[PDB]
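Below: one structure, written as structure tokens.
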Amino acid sequence: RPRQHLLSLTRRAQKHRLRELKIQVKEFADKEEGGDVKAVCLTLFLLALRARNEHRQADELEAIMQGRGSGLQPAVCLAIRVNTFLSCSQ
Amino acid sequence: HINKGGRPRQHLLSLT
DNA sequence: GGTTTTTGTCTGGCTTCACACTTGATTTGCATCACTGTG
DNA sequence: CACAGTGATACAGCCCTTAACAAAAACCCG
DNA sequence: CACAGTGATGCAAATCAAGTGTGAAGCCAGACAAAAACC
DNA sequence: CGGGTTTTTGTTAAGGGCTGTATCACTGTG
């Protein structure tokens, strides 16, 4: 049977395509980086993203991994609402 | 074996 | 029928999130109020 | 020399690919 | 029976902070085992 | 004390693509 799209696969039915490769992922990380896998995959995915010119999603991933930037200060919210000539209902 | 020195291997998240 | 893909399971053991109660203590939501403005 | 808009357009700037080379910082040991 | 604002006020409702011991879920191991779409 | 080794960081140029900013004749309270 012909293959399907990688993203449409379930959480379990997509291991037979990464089984051959994640083993060299760990051995490379062990012999060069020290043993970290999440970090060495994160840097690889950042490489792919910024090569693909998707810096917006790259920065979003960086924010998710680091401290979340969600939430504005009340002072800056008021500054926006006032200096953009906005009304309370809008 | 003899140690040849070199720059220490910093954590991969702390490089450029 | 072959071939490849797609899901299913196995038990011991690990982490990770939700909850069981209760009493306040906030924080968010939405309706009220008499009015404008284009005629 | 009023000063903050008003929106469309065009140009500059910055960041990825190839691959080999070059300036520079951190230990090791004679 | 025009309809979208206009902002302050006030009360109903949602979320939570405190305490620890649970349940419930996701996943790791490597391996064995059934459905299903093209020849 | 300084080569030697390992690693970091930048550089060279032809292209592609996203983002940022200057420029144009005008407004409006008078």
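Please note that chains go A, B, ... in the order of the structure tokens, that every chain numbers its residues from 1, and that ligands are numbered from 1 in the order shown.
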Could I get the residues of chain D with an atom no further than 9 Å from an atom of chain A, each paired with its nearest atom pair and that distance in Å to one decimal, using only C-alpha atoms (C1' of nucleotides), sorted by chain and residue number, as JSON lines?
```
{"residue": "D:15", "atom": "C1'", "partner": "A:53", "partner_atom": "CA", "distance": 8.1}
{"residue": "D:16", "atom": "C1'", "partner": "A:51", "partner_atom": "CA", "distance": 4.5}
{"residue": "D:17", "atom": "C1'", "partner": "A:51", "partner_atom": "CA", "distance": 7.6}
```
Practice task
When you get a sec, could you note down which chain B residues fall within 9 Å of chain D, using only C-alpha atoms (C1' of nucleotides), as a count of residues only?
Solution key: 7
Compile a residue-level contact table for chain C against chain A at a cut-off of 7 Å, reporting for every qualifying residue the shortest atom pair and its distance in Å to one decimal, with only C-alpha atoms (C1' of nucleotides) counted, rows ordered by chain and ascending number, as JSON lines.
```
{"residue": "C:3", "atom": "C1'", "partner": "A:1", "partner_atom": "CA", "distance": 6.9}
{"residue": "C:4", "atom": "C1'", "partner": "A:1", "partner_atom": "CA", "distance": 4.7}
{"residue": "C:5", "atom": "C1'", "partner": "A:1", "partner_atom": "CA", "distance": 5.8}
{"residue": "C:6", "atom": "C1'", "partner": "A:13", "partner_atom": "CA", "distance": 6.2}
{"residue": "C:7", "atom": "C1'", "partner": "A:13", "partner_atom": "CA", "distance": 6.3}
```
For the residues in the current selection, export N, CA, C and O atoms (P, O5', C5', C4', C3', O3' and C1' of nucleotides) as a PDB file, in the first residue's frame.
```
ATOM      1  P    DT C   3       5.617 -10.758  -1.081  1.00  0.00           P
ATOM      2  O5'  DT C   3       5.169  -9.231  -0.905  1.00  0.00           O
ATOM      3  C5'  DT C   3       5.027  -8.394  -2.048  1.00  0.00           C
ATOM      4  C4'  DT C   3       4.811  -6.948  -1.635  1.00  0.00           C
ATOM      5  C3'  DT C   3       5.504  -6.538  -0.335  1.00  0.00           C
ATOM      6  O3'  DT C   3       6.114  -5.263  -0.488  1.00  0.00           O
ATOM      7  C1'  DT C   3       3.192  -6.067  -0.195  1.00  0.00           C
ATOM      8  P    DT C   4       7.298  -4.810   0.499  1.00  0.00           P
ATOM      9  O5'  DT C   4       6.685  -3.555   1.277  1.00  0.00           O
ATOM     10  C5'  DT C   4       6.250  -2.415   0.547  1.00  0.00           C
ATOM     11  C4'  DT C   4       5.065  -1.758   1.229  1.00  0.00           C
ATOM     12  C3'  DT C   4       5.352  -1.187   2.620  1.00  0.00           C
ATOM     13  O3'  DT C   4       5.450   0.233   2.556  1.00  0.00           O
ATOM     14  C1'  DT C   4       3.212  -2.292   2.477  1.00  0.00           C
ATOM     15  P    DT C   5       5.716   1.090   3.891  1.00  0.00           P
ATOM     16  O5'  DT C   5       4.249   1.392   4.455  1.00  0.00           O
ATOM     17  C5'  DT C   5       3.279   1.999   3.611  1.00  0.00           C
ATOM     18  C4'  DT C   5       1.918   2.045   4.285  1.00  0.00           C
ATOM     19  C3'  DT C   5       1.895   2.716   5.664  1.00  0.00           C
ATOM     20  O3'  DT C   5       0.906   3.738   5.689  1.00  0.00           O
ATOM     21  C1'  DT C   5       0.772   0.632   5.725  1.00  0.00           C
ATOM     22  P    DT C   6       0.749   4.681   6.980  1.00  0.00           P
ATOM     23  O5'  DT C   6      -0.318   3.912   7.891  1.00  0.00           O
ATOM     24  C5'  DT C   6      -1.614   3.625   7.376  1.00  0.00           C
ATOM     25  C4'  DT C   6      -2.481   2.959   8.429  1.00  0.00           C
ATOM     26  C3'  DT C   6      -2.334   3.531   9.844  1.00  0.00           C
ATOM     27  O3'  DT C   6      -3.618   3.755  10.416  1.00  0.00           O
ATOM     28  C1'  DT C   6      -2.065   1.191   9.881  1.00  0.00           C
ATOM     29  P    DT C   7      -3.908   5.099  11.249  1.00  0.00           P
ATOM     30  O5'  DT C   7      -4.307   4.574  12.707  1.00  0.00           O
ATOM     31  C5'  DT C   7      -3.444   3.686  13.407  1.00  0.00           C
ATOM     32  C4'  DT C   7      -4.100   2.328  13.588  1.00  0.00           C
ATOM     33  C3'  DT C   7      -4.400   1.945  15.038  1.00  0.00           C
ATOM     34  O3'  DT C   7      -5.685   1.345  15.128  1.00  0.00           O
ATOM     35  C1'  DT C   7      -3.059   0.281  14.029  1.00  0.00           C
TER      36       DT C   7
END
```
Practice task
Identify all residues of chain A in helix (DSSP H, G or I) (DSSP on the backbone) and supply them as an MDAnalysis selection string.
Solution key: chainID A and resid 19:33 38:51 55:65 74:83
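All chain E residues having an atom within 8 Å of chain A, based on only C-alpha atoms (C1' of nucleotides), amount to residues 5, 6, 7, 37 and 38 of chain E.
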List the spatial neighbours of region 13-19 of chain C as a tab-separated table (two decimals) with C-alpha atoms (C1' of nucleotides), in the first residue's frame - criterion: any atom at most 9 Å away, only C-alpha atoms (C1' of nucleotides), same-chain residues fewer than 6 positions off excluded.
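Printed below is part20.tsv as written:
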```tsv
chain	number	residue	atom	x	y	z
E	22	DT	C1'	-4.80	9.68	46.15
E	23	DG	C1'	-6.83	8.45	41.03
E	24	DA	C1'	-6.42	8.79	36.09
E	25	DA	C1'	-3.66	9.36	31.97
E	26	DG	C1'	0.43	9.35	28.84
E	27	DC	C1'	4.49	7.02	27.73
E	28	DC	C1'	9.12	3.95	27.82
```
Exercise for the section: Using only C-alpha atoms (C1' of nucleotides), find which residues of chain F lie within 10 Å of chain A and jot them down as a PyMOL selection string. Expected result: chain F and resi 16-18
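Going from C1' of residue 17 (chain E) over to CA of residue 77 (chain A), you cover 26.7 Å.
Taking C1' of residue 10 (chain F) as the reference point, CA of residue 43 (chain A) is found at 20.3 Å.
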Quick check: residues of chain B within 8 Å of chain A, only C-alpha atoms, returned as an mmCIF file with C-alpha atoms, in the first residue's frame.
```cif
data_model
loop_
_atom_site.group_PDB
_atom_site.id
_atom_site.type_symbol
_atom_site.label_atom_id
_atom_site.label_comp_id
_atom_site.auth_asym_id
_atom_site.auth_seq_id
_atom_site.Cartn_x
_atom_site.Cartn_y
_atom_site.Cartn_z
ATOM 1 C CA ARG B 9 32.240 21.880 24.535
ATOM 2 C CA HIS B 11 25.906 23.300 25.985
ATOM 3 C CA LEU B 12 24.325 23.299 22.532
ATOM 4 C CA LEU B 13 21.660 25.797 23.638
#
```
Handout entry: chain F residues near chain B (12 Å cut-off, only C-alpha atoms (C1' of nucleotides)) as JSON, numbers by chain
Key = {"F": [3, 4, 5, 6, 7, 8, 9, 10]}
Practice task
Find the spatial neighbours of region 25-31 of chain C, counting only C-alpha atoms (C1' of nucleotides), within a cut-off of 12 Å - ignore same-chain residues fewer than 5 positions away - and output them as a PyMOL selection string.
Solution key: chain E and resi 9-18
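CA of residue 25 (chain A) sits 8.5 Å away from CA of residue 41 (chain A).
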